[PDB]
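Take a look at the structure below.
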Amino acid sequence: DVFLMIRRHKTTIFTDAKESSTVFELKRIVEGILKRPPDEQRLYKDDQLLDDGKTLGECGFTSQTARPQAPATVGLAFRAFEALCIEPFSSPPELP
Amino acid sequence: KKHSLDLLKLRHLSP
Amino acid sequence: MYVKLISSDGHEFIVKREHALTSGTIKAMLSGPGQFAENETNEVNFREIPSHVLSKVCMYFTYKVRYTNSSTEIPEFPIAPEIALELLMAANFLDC
Amino acid sequence: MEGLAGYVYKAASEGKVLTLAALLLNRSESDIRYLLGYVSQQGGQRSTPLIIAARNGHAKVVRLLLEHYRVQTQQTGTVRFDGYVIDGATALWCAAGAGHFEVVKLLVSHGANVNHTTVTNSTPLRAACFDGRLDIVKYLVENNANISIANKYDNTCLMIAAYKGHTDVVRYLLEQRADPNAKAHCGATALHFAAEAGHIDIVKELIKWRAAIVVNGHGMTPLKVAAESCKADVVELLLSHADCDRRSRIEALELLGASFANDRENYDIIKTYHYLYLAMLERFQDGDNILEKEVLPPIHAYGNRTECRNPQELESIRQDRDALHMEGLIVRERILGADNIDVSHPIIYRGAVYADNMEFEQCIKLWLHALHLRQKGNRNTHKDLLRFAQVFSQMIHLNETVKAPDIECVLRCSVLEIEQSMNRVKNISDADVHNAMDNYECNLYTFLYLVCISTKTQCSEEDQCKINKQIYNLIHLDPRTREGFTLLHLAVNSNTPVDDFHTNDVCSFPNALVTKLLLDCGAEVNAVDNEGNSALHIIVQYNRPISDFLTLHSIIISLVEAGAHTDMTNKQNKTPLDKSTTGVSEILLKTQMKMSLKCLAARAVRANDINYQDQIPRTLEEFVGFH
Amino acid sequence: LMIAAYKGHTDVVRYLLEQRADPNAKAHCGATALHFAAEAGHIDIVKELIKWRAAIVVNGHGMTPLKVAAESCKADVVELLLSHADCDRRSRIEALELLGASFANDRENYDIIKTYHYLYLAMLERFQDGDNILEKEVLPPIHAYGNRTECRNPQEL
């Protein structure tokens with residue numbers, strides 16, 4: 001019951017993953033909406049390459065880290081892979 | 001004849 | 001199935017349909033002459049409100065769908081000082 | 001100084017000479033005159049130090065004050081401590097009211113104030129007549145003082161002397177050739193006050209001087225006034241004025257017999273029939289120019305009686321007690337009309353007797369008629385509504401059914417009388433605004449008691465709809481007590497006062513049925529008091545969360561489902577979670593909190609003290625106001 | 001003091017405690033004053049002894065004065081004993097559960113809505129935090145009470 005966030009340079013996906021699960025389920029559910037094959041997409045998380053389907057915990061996100069209050073940023077890289085060119089959001093105005 | 005109404009330390013409650 | 005939440009800066013914020021329909025005017029925009037009965041985009045346009053407030057709104061969507069009956073101690077939703085008073089008007093406009 | 005002014009007040013209180021002399025010397029000329037010419041605030045009522053000397057009969061201490069100084073009696077002070085305590089009176093005014101002749105004549109000899117005019121333009125002779133000492137009254141008029149000083153409501157000194165039992169003052173006043181035909185604000189010309197307290201000697205004194213008979217504003221002759229107060233001794237005296245006629249003679253006996261039927265002090269059922277039979281015998285005595293009774297149409301409140309037009313039907317009700325009381329009530333209504341002040345008080349007494357005898361429905365009819373009559377006269381009837389609440393709670397506590405139309409009628413009367421109470425509070429600025437405010441709070445409490453009694457009765461659909469309509473009408477005039485409490489706050493508050501009579505058994509606040517009724521009728525669930533507490537801020541503070549958890553649970557459910565913010569803050573910025581002061585009330589509220597992003601963002605804006613003025617919608621600037 | 005607490009005579013017991021009498025008086029069955037006071041539902045007497053700090057001690061039958069009060073459907077003395085400034089969660093929830101239990105089957109005090117509401121209050125106060133949670137130590141099912149296995153969740157309650 002952990003909430004993950006997958007961010008391209010413009011688009012953004014919010015997904016849910018069971019604790020007793022692997023990376024395969026999230027790869028399938030991000031393939032289904034983005035119509036991209038799993039081999040093309042890479043979970044380029046925190047400037048670190050990841051694996052395909054071994055374990056959720058070793059990738060970098062846990063139940064406590066990826067809370068729905070502020071889920072961790074998991075970038076997505078496609079083949080031409082691409083760099084981590086995720087454009088940040090607009091800067092909030094400076095409060096007085 | 002209403003079993004419920006038929007229902008209802010004695011040496012300790014003496015003064 | 002998935003609602004394509006665009007912002008003023010052009011950032012897509014694709015969230016689930018059930019997560020998006022917790023808002024009021026998101027349901028209002030998805031209804032009307034905006035059904036788009038092929039459940040692939042369901043694009044809703046926000047030409048006026050920035051992208052960071054959309055990010056916070058989507059995290060709140062996941063928060064509200066998750067934390068709706070989980071015991072009584074509901075965790076703390078983090079609001080930065082510099083982004084508030086903009087998330088407030090955004091939540092008012094969204095009936096969120 | 002104020003500290004030294006208390007020193008000379010204590011010395012003059014004991015009537016000591018050597019103590020005051022040492023405490024009023026060895027200073028400048030300016031401060032000594034201020035010491036003897038300024039009032040002292042003792043017991044919440046300001047008073048001149050010369051007042052406490054004359055009130056205790058200490059003429060010695062004040063005689064040397066006049067000798068050694070130039071102290072005057074023109075100092076503004078209170079009148080008297082017997083329930084008036086209004087200021088404006090002079091120091092000489094209380095000298096006559098203290099019953100001390102020796103202190104009056106010394107103050108007259110040095111700066112007499114026999115012609116003092118206060119806000120009530122009451123001369124010192126007014127208190128002299130109230131005290132009832134002949135020596136003070138005789139001496140004051142000899143000091144060139146007018147005896148024709150009429151007040152704003154024309155309070156002649158002979159009127160207060162006739163009302164009181166001091167027959168020595170009134171006989172001296174008429175010996176000075178005073179006007180006996182003095183009109184009052186209500187038209188009570190002397191004899192109305194005289195023939196009200198049963199003073200047989202006082203009334204005869206004005207009879208010799210031919211005070212005459214004139215009808216006052218309420219349509220009551222002095223003979224009728226005497227018969228209303230169950231004073232048969234002065235009624236017989238007023239029947240020999242040599243101008244009485246037959247029309248005004250039998251009706252005096254009818255009024256006297258009616259008044260004796262229903263009174264607290266003078267309750268004689270044997271005198272009721274005797275005066276009524278004598279009046280009927282005097283009516284039907286000749287057979288020519290007969291004076292038949294002008295029979296009013298029957299009234300459902302007094303049973304189904306149609307007066308007594310024959311001596312035979314008056315005889316058949318001799319031994320039947322409750323018919324005689326009902327018969328006396330109807331003829332009392334006919335004689336005095338439907339606008340008299342005391343036409344409904346015997347109805348209240350008979351209803352109280354019936355309630356003490358557990359005869360309830362007839363009591364409700366009589367009291368409803370009395371309430372209707374008093375509301376026609378447009379008077380304060382908060383005591384009547386409290387009495388309705390008391391009797392209804394007594395019937396409920398005695399396991400007796402309550403008539404829903406009677407509840408609806410008394411609720412309508414309560415709503416209308418609260419409207420007139422709001423008008424009275426708005427109209428009056430500082431005349432009797434405290435009494436108006438207290439009556440308004442009592443009226444709101446009585447309405448709540450009636451609503452509780454309505455909730456604890458079974459009613460039909462139409463009767464329930466009419467009760468809800470009355471509650472709707474009172475809700476949509478926005479009633480508020482002193483501390484901003486709306487009608488919902490008091491029904492939710494545990495500190496709402498409940499009357500010490502049988503209302504304590506049935507009217508318990510908080511009540512889940514009253515609050516659910518108010519929210520169904522459309523009470524402003526988010527309304528705030530003067531302190532900012534909403535209806536939810538007052539239920540969380542409830543100090544009995546486990547004894548009557550049914551009440552506490554079934555009202556937080558009602559308040560939240562009605563649309564109350566479970567997050568909004570008071571003037572001290574305290575969420576009801578922070579103002580929960582209870583483990584149970586916190587858990588019930590957190591279960592019911594439906595969260596919103598608008599609330600979290602507004603809470604974050606308020607917590608960070610972000611300047612939100614001219615940055616948010618106007619409809620939202622209120623939302624940040626309480627979040 | 002015990003027979004004063006058992007009876008409704010609060011003047012006698014308040015005069016007795018005004019004389020600096022022993023509040024921790026052990027009996028044959030272990031019932032120490034408050035056990036008799038919170039058995040007849042005398043709220044004022046229990047307040048009088050808590051003012052003199054009569055203390056809470058388990059009697060012979062394994063029942064605190066709070067559990068004695070909750071056993072006899074007397075909710076007000078349960079309320080007063082739940083504010084002893086040393087009460088603990090486990091005792092508070094077991095007292096609320098016992099009160100809800102007692103309201104279900106009694107001749108004088110039979111309210112099934114109070115049964116559900118007090119059971120739900122104890123269950124909500126059980127599962128209020130999610131951390132250091134107090135799950136029910138449910139007994140094995142008994143054939144006499146059907147085949148129910150208590151209510152370990154607020155959903156089944």
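Simple scheme: letters A, B, ... for chains in structure tokens order, numbers from 1 for residues in each chain, numbers from 1 for ligands in the order shown.
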(message) I'd like the contact shell of residue 53 in chain E - 12 Å cut-off, only C-alpha atoms, skipping same-chain residues fewer than 2 positions apart - returned as number ranges by chain.
(response) E: 17, 20-24, 33-34, 46-51, 55-57, 81, 84-85
Keeping only N, CA and C atoms, take the residues you just selected and write them out as a short mmCIF file (atom, residue, chain, number, x, y, z; two decimals), in the first residue's frame.
data_model
loop_
_atom_site.label_atom_id
_atom_site.label_comp_id
_atom_site.auth_asym_id
_atom_site.auth_seq_id
_atom_site.Cartn_x
_atom_site.Cartn_y
_atom_site.Cartn_z
N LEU E 17 -15.39 10.30 56.66
CA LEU E 17 -14.12 10.67 56.05
C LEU E 17 -13.62 12.02 56.53
N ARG E 20 -10.93 11.68 59.34
CA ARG E 20 -9.69 11.03 58.94
C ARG E 20 -9.75 9.52 59.24
N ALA E 21 -10.70 8.87 58.58
CA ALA E 21 -10.87 7.43 58.69
C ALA E 21 -10.05 6.73 57.60
N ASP E 22 -9.89 5.43 57.76
CA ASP E 22 -9.09 4.66 56.81
C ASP E 22 -9.87 4.43 55.51
N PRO E 23 -9.37 4.90 54.37
CA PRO E 23 -10.09 4.67 53.11
C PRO E 23 -9.71 3.35 52.45
N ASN E 24 -8.53 2.84 52.77
CA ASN E 24 -8.05 1.57 52.20
C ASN E 24 -8.38 0.40 53.11
N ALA E 33 -14.19 -0.40 50.17
CA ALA E 33 -14.95 0.85 50.22
C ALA E 33 -15.52 1.28 48.87
N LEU E 34 -14.65 1.62 47.92
CA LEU E 34 -15.11 2.03 46.60
C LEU E 34 -15.86 0.93 45.88
N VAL E 46 -18.80 8.26 45.73
CA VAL E 46 -17.55 7.94 45.05
C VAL E 46 -16.70 9.20 44.90
N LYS E 47 -17.33 10.33 44.58
CA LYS E 47 -16.60 11.60 44.54
C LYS E 47 -16.01 11.94 45.91
N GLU E 48 -16.78 11.70 46.97
CA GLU E 48 -16.32 12.00 48.33
C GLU E 48 -15.08 11.18 48.68
N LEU E 49 -15.08 9.89 48.34
CA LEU E 49 -13.90 9.07 48.63
C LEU E 49 -12.72 9.33 47.69
N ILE E 50 -12.95 9.70 46.43
CA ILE E 50 -11.83 10.07 45.57
C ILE E 50 -11.21 11.38 46.04
N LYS E 51 -12.03 12.27 46.63
CA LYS E 51 -11.49 13.49 47.21
C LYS E 51 -10.52 13.18 48.35
N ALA E 55 -8.06 5.45 46.71
CA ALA E 55 -7.19 4.62 45.89
C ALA E 55 -7.91 3.43 45.24
N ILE E 56 -7.34 2.91 44.16
CA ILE E 56 -7.92 1.80 43.41
C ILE E 56 -7.06 0.57 43.66
N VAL E 57 -7.69 -0.50 44.13
CA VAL E 57 -7.00 -1.76 44.39
C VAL E 57 -7.92 -2.91 43.99
N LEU E 81 -14.55 7.29 37.84
CA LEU E 81 -13.37 6.47 38.09
C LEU E 81 -12.42 6.44 36.90
N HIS E 84 -9.13 9.20 37.24
CA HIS E 84 -8.39 9.06 38.48
C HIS E 84 -6.96 9.59 38.39
N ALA E 85 -6.57 10.12 37.22
CA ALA E 85 -5.24 10.64 36.90
C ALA E 85 -4.19 9.54 36.83
#
(message) List as a VMD selection string the protein and nucleic acid residues near residue 14 in chain B, meaning an atom at most 10 Å away when only C-alpha atoms are counted, but skip any in the same chain fewer than 4 places from it.
(response) (chain B and resid 9 to 10) or (chain E and resid 3)
Export N, CA, C and O atoms of the chosen residues as a tab-separated table (two decimals), in the first residue's frame?
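The file below, again17.tsv, is the result:
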chain	number	residue	atom	x	y	z
B	9	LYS	N	-23.11	-12.89	50.26
B	9	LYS	CA	-22.99	-11.46	50.50
B	9	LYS	C	-24.08	-11.02	51.48
B	9	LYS	O	-24.02	-9.92	52.04
B	10	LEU	N	-25.06	-11.90	51.69
B	10	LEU	CA	-26.15	-11.59	52.61
B	10	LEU	C	-25.65	-11.42	54.03
B	10	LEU	O	-26.13	-10.54	54.76
E	3	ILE	N	-20.63	0.17	54.91
E	3	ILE	CA	-22.08	0.13	54.87
E	3	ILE	C	-22.65	1.52	54.59
E	3	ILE	O	-23.77	1.64	54.07
(request) Would you list the contacts of range 147-151 of chain E as number ranges by chain, taking every protein, DNA or RNA residue within 10 Å and counting only C-alpha atoms, but skipping same-chain residues closer than 4 positions in sequence? (result) E: 119-120, 123, 136-143, 155-157
(request) Name the residues of range 28-74 of chain A that come out as strand (DSSP E or B) in a backbone DSSP run; write them as a count of residues only. (result) 7
(request) At a cut-off of 9 Å, list the chain E residues touching chain C, using only C-alpha atoms, as a ChimeraX atom specification. (result) /E:124-125,127-130
(request) Mind checking which residues fall within 12 Å of residue 458 in chain D, counting only C-alpha atoms, ignoring those fewer than 5 positions away in the same chain, and posting them as a PyMOL selection string? (result) chain D and resi 396+400-405+407+453+463-464
(message) Quick one: residues within 9 Å of range 75-81 of chain C, only C-alpha atoms, excluding same-chain residues fewer than 3 positions away - as a PyMOL selection string?
(response) (chain A and resi 68-70+95) or (chain C and resi 56+60+63+67+84-85+87) or (chain D and resi 600-601+604-605+608+610)
Please dump the current selection as a compact mmCIF listing (two decimals), in the first residue's frame; keep C-alpha atoms.
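Resulting contents of result_7.txt:
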# COMPACT_ATOMS: atom_id res chain seq x y z
CA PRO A 68 1.04 9.95 -0.39
CA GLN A 69 1.90 13.25 1.34
CA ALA A 70 5.06 13.53 -0.79
CA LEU A 95 5.82 35.61 0.63
CA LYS C 56 -0.04 19.53 -4.49
CA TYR C 60 -3.91 15.58 -2.00
CA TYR C 63 -3.98 11.44 0.13
CA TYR C 67 -6.69 8.44 4.06
CA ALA C 84 -0.10 28.37 0.37
CA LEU C 85 -2.64 31.12 -0.46
CA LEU C 87 -3.25 26.15 -3.08
CA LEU D 600 -5.80 22.36 5.19
CA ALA D 601 -4.63 25.21 2.95
CA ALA D 604 -1.66 26.61 6.77
CA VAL D 605 -2.33 30.20 5.69
CA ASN D 608 1.99 31.05 8.90
CA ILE D 610 0.23 35.03 5.55
(request) Give me the residues within 10 Å of range 71-80 of chain D as a ChimeraX atom specification, counting only C-alpha atoms and dropping any in the same chain fewer than 5 places off. (result) /D:33,36-40,45-48,50-51,62,65-66,85-95,97-98,107-108,110-113,116,118,122,127
(request) Enumerate the residues of chain C with a DSSP assignment of alpha helix (DSSP H), computed from the backbone, and present them as a count of residues only. (result) 34
(message) Between C:16, C:7, C:23, C:38, which residue has the minimum interatomic distance to chain D, considering only C-alpha atoms?
(response) C:23
(message) Residues of chain D were defined as contacting chain C if any atom lay at most 10 Å from it, counting only C-alpha atoms; please report them as an MDAnalysis selection string.
(response) chainID D and resid 586:612 615:617 619:620 623:624
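Note that the spacing between CA of residue 17 in chain C and CA of residue 59 in chain C amounts to 14.0 Å.
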(message) I'd like the contact shell of residue 109 in chain E - 12 Å cut-off, only C-alpha atoms, skipping same-chain residues fewer than 5 positions apart - returned as a list in words.
(response) residues 41, 70, 71, 72, 73, 74, 75, 99, 100, 101, 102, 103, 104, 114 and 115 of chain E
Next, dump the selected residues to file, keeping only N, CA, C and O atoms, as a compact mmCIF listing (two decimals), in the first residue's frame.
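Listed below is the output, out-v5.txt:
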# COMPACT_ATOMS: atom_id res chain seq x y z
N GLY E 41 -24.38 2.64 42.39
CA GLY E 41 -24.44 3.83 41.57
C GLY E 41 -24.58 5.12 42.34
O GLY E 41 -25.40 5.98 41.97
N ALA E 70 -18.49 -0.83 36.17
CA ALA E 70 -18.87 -1.17 34.81
C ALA E 70 -19.66 -2.47 34.75
O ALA E 70 -20.44 -2.67 33.81
N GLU E 71 -19.47 -3.35 35.73
CA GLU E 71 -20.19 -4.61 35.75
C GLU E 71 -21.68 -4.40 36.02
O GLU E 71 -22.51 -5.20 35.56
N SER E 72 -22.04 -3.34 36.75
CA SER E 72 -23.40 -3.12 37.19
C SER E 72 -24.10 -2.00 36.42
O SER E 72 -25.05 -1.40 36.94
N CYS E 73 -23.64 -1.71 35.20
CA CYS E 73 -24.26 -0.76 34.27
C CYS E 73 -24.32 0.67 34.82
O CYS E 73 -25.08 1.49 34.30
N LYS E 74 -23.55 0.99 35.85
CA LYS E 74 -23.58 2.32 36.43
C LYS E 74 -22.55 3.17 35.71
O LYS E 74 -21.36 3.12 36.02
N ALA E 75 -23.01 3.96 34.73
CA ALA E 75 -22.10 4.67 33.84
C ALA E 75 -21.47 5.90 34.48
O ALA E 75 -20.33 6.24 34.14
N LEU E 99 -18.80 -2.01 30.34
CA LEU E 99 -20.04 -1.24 30.45
C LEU E 99 -20.98 -1.53 29.29
O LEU E 99 -22.18 -1.74 29.49
N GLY E 100 -20.43 -1.57 28.07
CA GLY E 100 -21.25 -1.93 26.93
C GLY E 100 -21.78 -3.35 27.02
O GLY E 100 -22.90 -3.63 26.59
N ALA E 101 -20.98 -4.26 27.59
CA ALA E 101 -21.44 -5.62 27.81
C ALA E 101 -22.58 -5.67 28.81
O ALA E 101 -23.59 -6.35 28.59
N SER E 102 -22.43 -4.95 29.93
CA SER E 102 -23.42 -5.00 30.99
C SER E 102 -24.74 -4.37 30.56
O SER E 102 -25.81 -4.83 30.98
N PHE E 103 -24.69 -3.34 29.71
CA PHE E 103 -25.93 -2.75 29.22
C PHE E 103 -26.72 -3.68 28.31
O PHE E 103 -27.91 -3.44 28.09
N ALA E 104 -26.09 -4.73 27.78
CA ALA E 104 -26.78 -5.61 26.84
C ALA E 104 -27.75 -6.55 27.54
O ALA E 104 -28.83 -6.83 27.02
N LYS E 114 -27.07 1.75 23.82
CA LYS E 114 -25.93 2.03 24.67
C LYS E 114 -24.89 0.93 24.57
O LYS E 114 -23.68 1.20 24.60
N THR E 115 -25.33 -0.32 24.43
CA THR E 115 -24.41 -1.43 24.21
C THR E 115 -23.56 -1.20 22.97
O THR E 115 -22.32 -1.23 23.04
Sorted by chain and rising residue number, list the residues of chain D at most 10 Å from chain E (counting only C-alpha atoms), each with its closest atom pair and distance in Å to one decimal, as a tab-separated table.
residue	atom	partner	partner_atom	distance
D:543	CA	E:79	CA	9.9
D:544	CA	E:79	CA	7.5
D:545	CA	E:79	CA	7.8
D:546	CA	E:79	CA	5.6
D:547	CA	E:76	CA	4.6
D:548	CA	E:75	CA	8.1
D:549	CA	E:117	CA	7.8
D:550	CA	E:114	CA	6.8
D:553	CA	E:117	CA	8.3
D:583	CA	E:125	CA	8.9
D:584	CA	E:121	CA	7.8
D:587	CA	E:125	CA	7.0
D:588	CA	E:121	CA	8.1
D:590	CA	E:128	CA	9.3
D:591	CA	E:124	CA	8.4
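As for CA of residue 24 in chain A and CA of residue 60 in chain A, they are spaced 15.4 Å apart.
You will find CA of residue 145 in chain D at 26.4 Å from CA of residue 186 in chain D.
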